[PDB]
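Chemist: Coordinates in coords-v5.txt, compact mmCIF, N, CA and C atoms, are listed below.
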```
# COMPACT_ATOMS: atom_id res chain seq x y z
N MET A 1 1.03 15.34 19.92
CA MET A 1 1.72 14.29 19.12
C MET A 1 0.88 13.87 17.89
N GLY A 2 1.52 13.17 16.93
CA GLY A 2 0.85 12.73 15.70
C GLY A 2 1.82 12.34 14.59
N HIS A 3 1.36 12.43 13.33
CA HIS A 3 2.17 12.13 12.14
C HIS A 3 2.98 13.38 11.73
N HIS A 4 4.32 13.33 11.94
CA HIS A 4 5.24 14.46 11.63
C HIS A 4 5.18 14.89 10.14
N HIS A 5 4.95 13.91 9.25
CA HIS A 5 4.82 14.14 7.80
C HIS A 5 3.86 13.08 7.17
N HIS A 6 2.79 13.53 6.50
CA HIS A 6 1.74 12.63 5.96
C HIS A 6 1.09 13.20 4.67
N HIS A 7 1.10 12.38 3.60
CA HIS A 7 0.38 12.65 2.33
C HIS A 7 0.40 11.39 1.44
N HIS A 8 -0.31 11.43 0.29
CA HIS A 8 -0.22 10.37 -0.74
C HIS A 8 1.13 10.48 -1.46
N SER A 9 2.06 9.57 -1.12
CA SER A 9 3.43 9.59 -1.65
C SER A 9 3.47 9.37 -3.18
N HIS A 10 4.09 10.33 -3.91
CA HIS A 10 4.33 10.24 -5.36
C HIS A 10 5.51 9.27 -5.65
N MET A 11 5.26 7.98 -5.37
CA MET A 11 6.26 6.90 -5.48
C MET A 11 6.66 6.63 -6.95
N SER A 12 7.84 6.02 -7.14
CA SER A 12 8.42 5.78 -8.48
C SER A 12 7.74 4.57 -9.14
N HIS A 13 7.64 4.55 -10.48
CA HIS A 13 6.89 3.50 -11.24
C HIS A 13 7.43 2.07 -10.94
N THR A 14 8.77 1.93 -10.92
CA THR A 14 9.46 0.65 -10.61
C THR A 14 9.26 0.24 -9.13
N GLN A 15 9.21 1.24 -8.25
CA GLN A 15 8.94 1.07 -6.80
C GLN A 15 7.48 0.57 -6.56
N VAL A 16 6.53 1.09 -7.36
CA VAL A 16 5.11 0.65 -7.32
C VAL A 16 4.98 -0.81 -7.83
N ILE A 17 5.84 -1.23 -8.80
CA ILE A 17 5.91 -2.65 -9.25
C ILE A 17 6.26 -3.58 -8.06
N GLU A 18 7.22 -3.15 -7.21
CA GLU A 18 7.64 -3.89 -6.00
C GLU A 18 6.50 -3.99 -4.96
N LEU A 19 5.76 -2.88 -4.80
CA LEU A 19 4.54 -2.83 -3.97
C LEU A 19 3.48 -3.84 -4.49
N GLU A 20 3.33 -3.93 -5.84
CA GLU A 20 2.36 -4.84 -6.51
C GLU A 20 2.82 -6.32 -6.48
N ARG A 21 4.15 -6.54 -6.44
CA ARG A 21 4.74 -7.88 -6.27
C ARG A 21 4.45 -8.43 -4.85
N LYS A 22 4.50 -7.53 -3.86
CA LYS A 22 4.14 -7.84 -2.46
C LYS A 22 2.61 -8.08 -2.34
N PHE A 23 1.84 -7.21 -3.03
CA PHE A 23 0.36 -7.23 -3.06
C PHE A 23 -0.18 -8.53 -3.71
N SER A 24 0.43 -8.92 -4.83
CA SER A 24 0.06 -10.14 -5.60
C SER A 24 0.10 -11.41 -4.74
N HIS A 25 1.13 -11.51 -3.88
CA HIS A 25 1.32 -12.66 -2.98
C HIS A 25 0.42 -12.55 -1.72
N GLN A 26 0.36 -11.35 -1.11
CA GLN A 26 -0.45 -11.08 0.10
C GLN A 26 -1.08 -9.66 0.03
N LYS A 27 -2.40 -9.59 0.23
CA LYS A 27 -3.19 -8.34 0.10
C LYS A 27 -3.07 -7.45 1.35
N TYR A 28 -2.80 -8.08 2.50
CA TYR A 28 -2.70 -7.39 3.80
C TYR A 28 -1.27 -7.53 4.36
N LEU A 29 -0.63 -6.40 4.72
CA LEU A 29 0.64 -6.41 5.47
C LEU A 29 0.38 -6.11 6.96
N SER A 30 0.99 -6.90 7.85
CA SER A 30 1.10 -6.56 9.28
C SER A 30 2.32 -5.64 9.48
N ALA A 31 2.54 -5.18 10.72
CA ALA A 31 3.67 -4.28 11.08
C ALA A 31 5.08 -4.79 10.59
N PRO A 32 5.46 -6.12 10.77
CA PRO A 32 6.74 -6.66 10.21
C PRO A 32 6.86 -6.54 8.66
N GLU A 33 5.84 -7.04 7.91
CA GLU A 33 5.85 -7.04 6.41
C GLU A 33 5.84 -5.61 5.83
N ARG A 34 5.13 -4.72 6.54
CA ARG A 34 4.94 -3.31 6.16
C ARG A 34 6.24 -2.49 6.34
N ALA A 35 6.91 -2.70 7.49
CA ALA A 35 8.21 -2.06 7.82
C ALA A 35 9.35 -2.61 6.94
N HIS A 36 9.30 -3.92 6.68
CA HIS A 36 10.27 -4.62 5.82
C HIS A 36 10.20 -4.09 4.36
N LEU A 37 8.98 -4.03 3.80
CA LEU A 37 8.76 -3.50 2.43
C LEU A 37 9.09 -1.98 2.37
N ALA A 38 8.77 -1.26 3.47
CA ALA A 38 9.10 0.17 3.63
C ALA A 38 10.61 0.42 3.48
N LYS A 39 11.43 -0.18 4.37
CA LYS A 39 12.90 0.03 4.39
C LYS A 39 13.59 -0.46 3.08
N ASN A 40 13.06 -1.55 2.48
CA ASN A 40 13.54 -2.07 1.17
C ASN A 40 13.34 -1.04 0.02
N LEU A 41 12.23 -0.29 0.06
CA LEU A 41 11.93 0.76 -0.94
C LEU A 41 12.24 2.18 -0.39
N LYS A 42 12.83 2.24 0.84
CA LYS A 42 13.13 3.50 1.59
C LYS A 42 11.86 4.33 1.95
N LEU A 43 10.67 3.70 1.80
CA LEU A 43 9.36 4.29 2.18
C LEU A 43 9.14 4.22 3.71
N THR A 44 8.00 4.77 4.17
CA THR A 44 7.55 4.65 5.58
C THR A 44 6.40 3.65 5.67
N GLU A 45 6.21 3.06 6.87
CA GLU A 45 5.07 2.16 7.16
C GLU A 45 3.72 2.82 6.81
N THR A 46 3.62 4.14 7.08
CA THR A 46 2.45 4.95 6.72
C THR A 46 2.17 4.90 5.19
N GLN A 47 3.17 5.29 4.37
CA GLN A 47 3.05 5.35 2.88
C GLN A 47 2.64 3.98 2.27
N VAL A 48 3.30 2.91 2.75
CA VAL A 48 3.01 1.52 2.33
C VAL A 48 1.56 1.11 2.74
N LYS A 49 1.14 1.53 3.95
CA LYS A 49 -0.21 1.23 4.50
C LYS A 49 -1.31 1.98 3.72
N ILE A 50 -1.00 3.24 3.31
CA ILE A 50 -1.89 4.06 2.45
C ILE A 50 -2.07 3.38 1.08
N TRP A 51 -0.95 2.88 0.50
CA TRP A 51 -0.96 2.20 -0.81
C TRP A 51 -1.85 0.92 -0.76
N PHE A 52 -1.53 -0.03 0.15
CA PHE A 52 -2.30 -1.30 0.31
C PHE A 52 -3.79 -1.05 0.65
N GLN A 53 -4.07 0.04 1.39
CA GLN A 53 -5.46 0.52 1.63
C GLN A 53 -6.15 0.87 0.30
N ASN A 54 -5.50 1.76 -0.47
CA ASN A 54 -6.04 2.30 -1.73
C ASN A 54 -6.28 1.20 -2.78
N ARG A 55 -5.32 0.28 -2.94
CA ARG A 55 -5.40 -0.81 -3.94
C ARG A 55 -6.55 -1.79 -3.65
N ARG A 56 -6.83 -2.01 -2.36
CA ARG A 56 -7.97 -2.85 -1.92
C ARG A 56 -9.30 -2.06 -2.01
N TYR A 57 -9.21 -0.72 -1.97
CA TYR A 57 -10.36 0.20 -2.13
C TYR A 57 -10.68 0.44 -3.64
N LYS A 58 -9.65 0.29 -4.49
CA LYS A 58 -9.75 0.47 -5.96
C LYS A 58 -10.08 -0.84 -6.70
N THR A 59 -9.86 -2.00 -6.04
CA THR A 59 -10.09 -3.32 -6.68
C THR A 59 -11.57 -3.73 -6.56
N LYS A 60 -12.05 -4.50 -7.55
CA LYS A 60 -13.44 -4.95 -7.65
C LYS A 60 -13.80 -5.84 -6.43
N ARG A 61 -14.43 -5.25 -5.40
CA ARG A 61 -14.93 -6.00 -4.22
C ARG A 61 -16.43 -6.33 -4.36
N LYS A 62 -16.85 -7.45 -3.73
CA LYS A 62 -18.26 -7.89 -3.73
C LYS A 62 -19.09 -7.11 -2.68
N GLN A 63 -19.77 -6.06 -3.14
CA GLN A 63 -20.67 -5.22 -2.32
C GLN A 63 -22.07 -5.15 -2.98
N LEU A 64 -22.82 -4.08 -2.69
CA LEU A 64 -24.01 -3.68 -3.49
C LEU A 64 -23.57 -3.23 -4.92
N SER A 65 -22.35 -2.68 -5.03
CA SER A 65 -21.74 -2.24 -6.31
C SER A 65 -20.20 -2.41 -6.27
N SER A 66 -19.57 -2.44 -7.46
CA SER A 66 -18.09 -2.62 -7.60
C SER A 66 -17.31 -1.41 -7.02
N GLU A 67 -16.58 -1.63 -5.90
CA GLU A 67 -15.80 -0.56 -5.22
C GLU A 67 -14.50 -0.22 -6.01
N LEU A 68 -14.59 0.79 -6.90
CA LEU A 68 -13.43 1.26 -7.71
C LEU A 68 -13.06 2.72 -7.31
N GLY A 69 -12.14 2.86 -6.33
CA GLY A 69 -11.69 4.18 -5.84
C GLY A 69 -11.00 5.04 -6.89
```
Would you mind giving the structure from this file in structure tokens?
Modeler:
Amino acid sequence: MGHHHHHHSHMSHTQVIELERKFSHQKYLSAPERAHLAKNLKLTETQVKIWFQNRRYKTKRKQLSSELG
């Protein structure tokens, strides 16, 4: 068993705006918020979780150095 289909989804520019509208209000999605945003954009919980992971990995975090993925 495992992930039947998995990669970095080539999502649409307007669809990424909706992801950033969700991100702007809350940086972390739980299973309800993630599935809700998924079905609204016809995405999967996986694809949405990969996106919110990457944006928090690409944003300026307080470490030894600025984490810009």
Chemist: Mind pulling up the distance from CA of residue 50 in chain A to atom C of residue 32 in chain A?
Modeler: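 Computed distance, atom C of residue 32 in chain A to CA of residue 50 in chain A, equals 15.1 Å.
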Chemist: Between A:10, A:62, A:55, A:22, single out the one closest to residue 36 in chain A, counting only C-alpha atoms.
Modeler: A:22
Chemist: At what distance in Å, to one decimal, does atom N of residue 56 in chain A lie from atom C of residue 23 in chain A?
Modeler: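 Atom C of residue 23 in chain A sits 9.4 Å away from atom N of residue 56 in chain A.
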Chemist: Name the closest residue to residue 19 in chain A among the candidates A:1, A:37, A:7, A:57; distances are taken between atoms, counting all atoms listed in the file.
Modeler: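 Looking only at the distances to residue 19 in chain A, the closest residue turns out to be A:37.
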Chemist: Quick one: distance from CA of residue 9 in chain A to CA of residue 66 in chain A in Å, one decimal?
Modeler: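 For CA of residue 9 in chain A relative to CA of residue 66 in chain A, the distance reads 25.4 Å.
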Chemist: List as a ChimeraX atom specification: which residues have an atom within 12 Å of (7.3, 5.9, 3.3), counting only C-alpha atoms?
Modeler: /A:3,5-12,15,19,34-51
Chemist: From chain A, collect each residue whose DSSP state is alpha helix (DSSP H) and return the set as a VMD selection string.
Modeler: chain A and resid 13 to 25 31 to 40 45 to 58
Chemist: So that I can check the surroundings of residue 68 in chain A, please list as a short mmCIF file (atom, residue, chain, number, x, y, z; two decimals) with N, CA and C atoms, keeping the file's coordinate frame every protein, DNA and RNA residue that reaches within 6.5 Å of it, counting only N, CA and C atoms and ignoring chain neighbours fewer than 4 positions away.
Modeler:
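part37.cif written:
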```
data_model
loop_
_atom_site.label_atom_id
_atom_site.label_comp_id
_atom_site.auth_asym_id
_atom_site.auth_seq_id
_atom_site.Cartn_x
_atom_site.Cartn_y
_atom_site.Cartn_z
N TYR A 57 -9.21 -0.72 -1.97
CA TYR A 57 -10.36 0.20 -2.13
C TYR A 57 -10.68 0.44 -3.64
N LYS A 58 -9.65 0.29 -4.49
CA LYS A 58 -9.75 0.47 -5.96
C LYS A 58 -10.08 -0.84 -6.70
N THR A 59 -9.86 -2.00 -6.04
CA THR A 59 -10.09 -3.32 -6.68
C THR A 59 -11.57 -3.73 -6.56
N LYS A 60 -12.05 -4.50 -7.55
CA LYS A 60 -13.44 -4.95 -7.65
C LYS A 60 -13.80 -5.84 -6.43
N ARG A 61 -14.43 -5.25 -5.40
CA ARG A 61 -14.93 -6.00 -4.22
C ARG A 61 -16.43 -6.33 -4.36
#
```
